[PDB]
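One structure is given here, and the rest of the page talks about it.
Protein chains: 2
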Amino acid sequence: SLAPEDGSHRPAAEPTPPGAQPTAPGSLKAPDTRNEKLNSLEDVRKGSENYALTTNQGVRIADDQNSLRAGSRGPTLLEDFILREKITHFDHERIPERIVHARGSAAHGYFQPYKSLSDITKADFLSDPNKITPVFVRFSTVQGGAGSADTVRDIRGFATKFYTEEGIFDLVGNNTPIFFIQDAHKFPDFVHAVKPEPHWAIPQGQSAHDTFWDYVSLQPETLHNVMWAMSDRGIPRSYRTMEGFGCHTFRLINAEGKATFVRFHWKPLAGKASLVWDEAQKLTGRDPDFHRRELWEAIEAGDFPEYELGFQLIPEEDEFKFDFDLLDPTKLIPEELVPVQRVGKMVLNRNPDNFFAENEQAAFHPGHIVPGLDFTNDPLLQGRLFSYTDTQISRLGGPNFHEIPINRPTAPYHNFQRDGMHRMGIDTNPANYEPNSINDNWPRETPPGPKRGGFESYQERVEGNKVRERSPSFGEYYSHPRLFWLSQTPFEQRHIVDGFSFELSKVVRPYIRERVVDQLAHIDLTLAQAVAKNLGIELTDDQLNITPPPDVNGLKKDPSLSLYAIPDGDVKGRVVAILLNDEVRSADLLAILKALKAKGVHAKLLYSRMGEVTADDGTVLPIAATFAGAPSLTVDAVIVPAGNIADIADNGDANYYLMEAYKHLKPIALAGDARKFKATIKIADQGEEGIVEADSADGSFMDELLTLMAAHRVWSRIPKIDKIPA
Amino acid sequence: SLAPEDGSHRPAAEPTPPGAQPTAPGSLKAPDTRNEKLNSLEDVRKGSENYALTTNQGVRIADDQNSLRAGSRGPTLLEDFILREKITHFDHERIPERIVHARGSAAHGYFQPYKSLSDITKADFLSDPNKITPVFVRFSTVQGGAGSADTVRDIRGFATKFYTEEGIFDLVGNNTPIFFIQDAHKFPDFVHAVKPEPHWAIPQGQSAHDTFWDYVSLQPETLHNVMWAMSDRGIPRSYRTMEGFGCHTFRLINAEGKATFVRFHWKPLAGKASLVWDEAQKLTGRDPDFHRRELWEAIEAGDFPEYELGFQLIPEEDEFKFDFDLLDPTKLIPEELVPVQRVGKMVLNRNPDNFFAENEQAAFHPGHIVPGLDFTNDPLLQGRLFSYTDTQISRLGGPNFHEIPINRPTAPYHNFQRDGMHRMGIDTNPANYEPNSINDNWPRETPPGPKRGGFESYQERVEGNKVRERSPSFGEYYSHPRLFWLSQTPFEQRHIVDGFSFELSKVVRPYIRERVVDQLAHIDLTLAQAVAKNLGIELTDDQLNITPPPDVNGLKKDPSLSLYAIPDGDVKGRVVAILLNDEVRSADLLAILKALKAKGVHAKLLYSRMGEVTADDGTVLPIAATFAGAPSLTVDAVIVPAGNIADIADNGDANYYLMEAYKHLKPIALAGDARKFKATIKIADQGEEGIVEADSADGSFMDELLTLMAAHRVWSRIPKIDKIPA
Ligand code: HDE
Ligand code: HDD
Ligand SMILES: [S]
Ligand SMILES: [S]
């Protein structure tokens with residue numbers, strides 16, 4: 028017995044806030060959280076307590092600390108099969124990572140529609156508000172490896188596996204509504220351009236390098252999704268606080284056979300929120316697992332990630348009524364033109380047990396649709412349909428990847444396919460072909476119908492010659508970039524300018540920088556000039572006179588394109604650093620902690636060492652982490668209570684904590700003599716917006732602080748930080 | 028879509044300083060640099076200029092921008108074989124990464140011995156000072172994935188493939204002289220404990236988590252290599268500035284059959300140098316590719332990484348003469364007891380062409396020895412011999428991995444092995460077995476002998492029973508940790524204390540921290556007290572009374588264990604940041620660059636935007652990067668020349684740049700009015716050791732700066748950095 032006698036090795040099986048307990052496998056942390064999929068995995072879950080240590084063949088091991096050798100200092104013997112089985116399994120642990128979205132964090136949960144959508148789709152999962160569909164969702168970056176950092180600037184993946192009663196449906200989306208390229212044939216060119224360059228395999232998790240911006244400069248179709256990636260969209264605060272999109276027009280098909288064009292949306296019920304660049308980049312160093320960690324701990328805390336599924340619906344007759352092509356995945360559909368209809372709610376409420384088995388091996392693919400859904404001729408979507416089945420053959424070792432437990436349907440599956448590597452199912456059918464008489468032709472085809480029918484494609488009219496040709500309707504590249512630009516707040520525009528500037532600064536060949544600046548001048552002159560000024564480049568008279576592209580169907584902005592123009596803040600699940608001193612005013616801390624708790628805001632108590640400190644009244648205060656151990660990057664706001672401030676007034680890390688939080692536009696609250704830190708961050712005596720200060724933490728001090736957190740960051744501070752040495 | 032007329036897309040094929048040109052594949056950068064191995068790869072190097080784009084089948088492609096579809100807005104057709112090949116190759120690009128050392132950076136070079144070693148070994152590559160052996164070296168971290176960051180705290184790998192005339196020899200070593208564990212059977216337990224924890228796959232690139240410290244607290248044999256990891260050895264400045272070691276006792280065998288025990292060493296000719304932790308950690312976010320990049324740019328610049336191979340030699344009769352067991356890989360052999368004998372020099376002078384094909388697919392394995400070398404019964408080495416061949420079967424796809432070009436011997440290979448996946452060699456031999464008469468028994472066995480003989484194992488006597496039992500002589504765990512601790516300088520010791528304190532503070536279960544502090548009390552009470560204090564732990568009376576372990580054969584310390592105790596600085600290849608203003612004093616910059624050039628020290632010119640600035644005399648100065656884009660983390664020292672200092676005096680980034688450099692102990696030099704920045708880092712008028720200052724940058728000023736750089740960091744400044752908020 029190596030566990031501590033007090034049982035402190037084992038986390039409580041109850042919701043607990045981030046940092047309060049060690050983290051654990053989902054089925055141990057929350058054994059009573061269940062759904063049909065999670066229950067169906069029971070046949071393969073393997074425990075441990077009270078069991079003997081064995082080989083994989085079931086043979087009990089006596090000494091798992093030594094190899095068999097001739098003499099205790101002699102050579103290891105080949106007959107040591109215990110050693111070789113153990114080292115063999117280790118030697119073969121790794122499987123190929125995903126070609127893109129290799130870095131990803133996943134969780135189990137459930138989806139339910141608000142009402143039956145039978146008038147527009149026969150999809151069973153959307154037929155009944157009392158129908159609950161288990162889901163497994165993986166969120167991801169795009170460029171970096173499985174061991175790359177979370178808070179890079181990149182697009183994010185948002186993939187949802189719906190285990191429906193009529194088959195698996197995978198909605199394989201991203202956190203922006205468009206993609207960089209129009210035709211799947213170019214996907215290896217684009218991906219190779221953004222990925223580490225092939226001579227030296229640099230840079231990881233970054234588009235800030237020559238080949239990416241070379242490609243963009245030569246391929247103006249890319250500029251729309253580039254605008255999104257250069258915006259704070261590219262650096263989300265949390266997977267809980269980004270939007271999701273299904274990227275293409277698909278179709279819904281109802282029982283009567285009518286097709287409706289649809290684009291899919293996920294609205295984050297925790298609101299939209301992003302980091303700022305210096306913070307996100309520094310955070311890849313201080314905690315490269317910050318989003319994986321945050322997702323896991325939100326679920327352990329009961330702050331379940333929730334998202335509302337929404338559809339933009341376009342009648343077949345209106346296919347051609349927009350300035351842009353509905354099939355062009357570089358174009359978005361503005362919500363001012365086509366609103367998002369709410370459809371239902373997804374809640375992610377349990378972590379996996381084993382990350383490799385459930386996360387790394389999960390396979391999502393947008394061809395996995397069900398009756399009630401269908402594709403369109405979007406030529407990026409079209410090529411995706413080939414890729415996501417093909418790539419599993421090496422990634423997951425063969426064509427039986429649907430038998431890997433996470434991937435299995437909960438719906439019945441029966442057919443005449445046989446064999447392949449790793450075959451698990453033992454087929455008893457006398458027949459392995461159809462038509463057959465020897466098993467009365469079972470399993471049998473099923474006519475399409477209103478429910479439980481076989482899949483039949485919508486009979487879309489095709490007409491044209493066999494051509495490798497881009498549609499002329501796809502040949503417009505600047506108006507959507509411009510619509511996005513004009514829809515952002517002035518601070519968001521500034522962050523976009525700074526994103527392009529920083530990235531182009533890492534492009535070693537200056538002519539590539541110049542060429543990208545020329546493209547910017549085709550989108551918006553102000554944008555182009557500000558990026559130019561940062562790069563020491565002067566626009567030509569010609570560039571200064573490029574006429575801007577047309578409005579999009581008469582729109583000069585659409586505020587739904589902004590993260591922040593329409594407030595949607597939610598403080599629950601956010602976190603506040605509390606900077607302790609060795610004699611804290613206990614009445615301040617009582618008022619602070621209870622106000623945070625009442626709003627579901629977490630706290631972490633920090634100090635200059637671990638262990639404990641004692642408050643003015645003798646309360647013992649446990650310390651979560653040191654100032655350097657848990658940097659302001661990791662929190663949403665900072666509170667300093669009154670007390671013996673002289674203890675930390677000259678601590679460089681304490682001061683730097685405030686300067687860093689200040690620079691990144693985070694709310695900061697100072698009570699009593701903690702106001703002496705005003706000098707550190709240069710705050711006027713009479714105060715400033717975004718700094719909460721009072722004689723004590725009572726009265727309106729916590730409300731004012733929470734009000735600031737609800738608006739996420741203090742954008743008004745931007746001109747003040749410019750000159751801060753931090 | 029083409030190259031600029033001015034040819035600026037293409038790097039000069041001549042040595043150039045870091046940042047002066049885009050980096051490039053080795054064979055294009057340095058086409059005249061050759062060795063026998065580099066030439067033998069010419070069969071598979073593929074160019075590109077003037078060639079038509081084709082499928083893999085050699086069919087020319089007319090339109091690589093589009094999928095074949097029925098109409099230009101129609102569905103993609105299954106007959107588009109050009110799309111499917113392209114997409115299929117892309118879908119299957121990734122192979123499994125290495126179970127450990129997945130993150131690594133490699134280059135080509137050559138080795139030659141200083142003198143014939145035929146008195147001690149018949150190994151052909153050590154037989155003649157004029158026989159040059161091509162090498163391919165890969166440097167690595169251990170825990171993180173192939174997309175994890177370089178400047179983590181971790182052991183580093185240092186693996187060298189020697190392409191000798193008598194076969195491949197791989198010396199597969201690390202940058203510390205021991206390992207954490209004694210028996211290979213435990214390798215998967217230790218590696219699982221240090222790797223990201225299985226439920227949530229956190230943390231990447233870090234031992235700072237509960238399972239690693241749990242295993243260490245329970246397995247005191249690990250404490251020696253833990254001490255090394257917690258010291259600054261865990262965070263090297265560069266692969267060029269760390270030591271390498273072979274980890275085990277091997278044997279040299281001479282022509283007469285005499286066995287000598289040997290331990291291998293690599294001495295960095297650029298000297299020993301490491302980062303400090305705050306710098307290392309922050310640099311994983313600012314440039315997760317820093318070591319990869321620095322290695323590549325050093326080779327492009329002509330600062331070729333050079334290492335001296337060295338042997339510790341122990342005669343056979345001396346096997347039992349120390350107070351530790353020679354075969355125990357948790358024990359080092361102190362150089363005070365057994366000196367390193369210099370054996371020869373290795374020079375890395377060319378980068379690869381394609382990182383995947385040459386670096387990622389390279390296979391190194393310490394069982395790849397040649398006649399003149401042999402093994403010992405080290406029980407860690409014994410089990411490694413199984414693993415490095417086994418793991419290739421999944422990683423490199425089968426038993427023909429030696430036919431992957433980078434892995435091929437330059438020596439002849441012929442044998443009776445046939446088939447396997449992706450078999451390249453087409454054997455014409457009528458026989459595939461021996462003995463055979465049908466091919467007169469060729470290829471034939473070769474008796475052993477002085478040179479060009481067949482491999483025969485040294486006939487070591489084996490006497491003992493078949494046991495799984497650790498040798499009693501291995502059961503001592505504290506004396507080597509202690510010898511290491513006592514050999515460090517006071518600042519090195521502080522950094523070790525801080526490493527343990529930082530790491531344990533991230534262990535969530537407090538009993539684990541306590542158990543580790545109890546282990547530390549068995550090594551040294553001062554160390555144990557200093558860590559305890561940071562964790563808020565008080566040692567018990569019993570802990571205070573633990574008898575320190577014995578000296579190691581009479582040694583109180585061995586200065587060769589310290590990175591810094593004996594000066595060995597080499598500034599060539601180091602880099603300085605020069606912070607520009609909009610009217611640089613050209614006379615200062617002239618003297619600065621001239622002095623740096625004389626010692627082979629590089630410069631990067633930084634400013635608040637990109638583009639150019641013009642000096643006082645009209646000289647146009649291109650800007651390498653902004654203050655934010657290339658932070659003081661990435662350089663060895665900072666110089667601020669005179670001129671229009673008002674331009675940058677109030678720039679927050681310029682000020683921070685000096686605060687960060689100062690905090691990280693780097694030399695700083697300030698000329699003329701740049702002395703105004705003294706106020707940001709609180710230097711008194713009198714000056715301070717480590718800050719160079721004068722009216723202008725002259726002979727004296729640059730000599731002083733260069734002397735400081737030869738000492739790497741300004742350790743005396745440590746007392747003054749607590750206070751700086753940076
Ligand atoms: C709409 C959201 C989106 C878009 C437009 C694309 N990806 Fe994705 N992708 C693969 C291929 C592929 C192609 C051929 C295209 C356009 C032609 C896209 N992508 C764009 C893949 C290589 O087959 C992929 C890698 C492993 C795998 O199973 O499939 C793949 C991954 C991927 C994910 C991750 C799913 C997961 O396992 O977590 C996501 C969210 C996307 N793509 C979205 C996506
Ligand atoms: C019995 C298991 C085992 C043990 C005990 C060790 N190794 Fe190992 N090592 C492996 C099993 C392994 C491996 C699993 O076989 C790897 C990764 C896959 C590879 O080809 O080999 C590897 C890779 C690997 C590499 C990377 C080579 C490259 O660049 O490709 C290095 C430098 C080392 N090891 C160094 C060491 C040192 C200094 C050890 C202490 C003596 C050591 N290994 C013990
Ligand atoms: S998309
Ligand atoms: S080792």
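Same order as they appear, the protein sequences are chains D and A. Start counting the first sequence at 28; every next residue gets the next number (the authors' numbering). Start counting the second sequence at 28; every next residue gets the next number (the authors' numbering). Ideal Cβ positions, reconstructed from N, Cα and C, are used throughout, including at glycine.
For residue i, which residues of its own chain have a beta-carbon under 8 angstroms away from its beta-carbon, when the five flanking residues on both sides are left out?
i, result
"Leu-80(D)", "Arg-87, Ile-88 and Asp-91"
"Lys-583(A)", "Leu-513"
"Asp-454(A)", "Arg-445"
"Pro-123(A)", "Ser-421 and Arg-422"
DSSP state of residue i, grouped into three classes?
i, result
"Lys-709(D)", "coil"
"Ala-129(D)", "coil"
"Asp-417(A)", "helix"
"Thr-249(A)", "helix"
"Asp-177(A)", "coil"
"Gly-184(A)", "strand"
"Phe-527(A)", "helix"
"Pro-263(D)", "strand"
"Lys-631(D)", "strand"
"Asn-376(D)", "strand"
"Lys-56(D)", "helix"
Short check: CB of residue i to CB of residue j, under 8 angstroms?
i, j, result
"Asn-561(D)", "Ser-528(D)", "yes"
"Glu-610(A)", "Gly-656(A)", "no"
"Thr-276(A)", "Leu-359(A)", "no"
"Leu-632(D)", "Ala-651(D)", "yes"
"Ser-132(A)", "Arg-319(A)", "yes"
"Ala-297(D)", "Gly-46(D)", "no"
"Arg-542(D)", "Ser-35(A)", "no"
"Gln-570(D)", "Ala-548(D)", "yes"
"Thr-160(A)", "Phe-189(A)", "yes"
"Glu-193(A)", "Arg-471(A)", "no"
"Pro-102(D)", "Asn-404(A)", "yes"
"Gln-409(D)", "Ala-211(D)", "yes"
For residue i, is the classification buried or exposed, using 16 other Cβ atoms within 10 angstroms of its Cβ as the cut-off for buried?
i, result
"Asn-66(A)", "exposed"
"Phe-166(D)", "buried"
"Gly-476(A)", "exposed"
"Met-257(D)", "buried"
Using C-beta distances below 6 angstroms, list every residue in its chain close to residue i, excluding the 5 sequence neighbours before and after it, in chain order.
i, result
"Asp-107(A)", "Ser-94 and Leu-95"
"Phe-482(D)", "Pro-398"
*asked:* Just to be sure I understand the criterion: a residue counts if its Cβ is closer than 5 angstroms to at least one heavy atom of ligand 4. Which residues meet that?
replied: Taken from the N-terminal end onward, the list reads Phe-206(A), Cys-274(A) and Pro-356(A).
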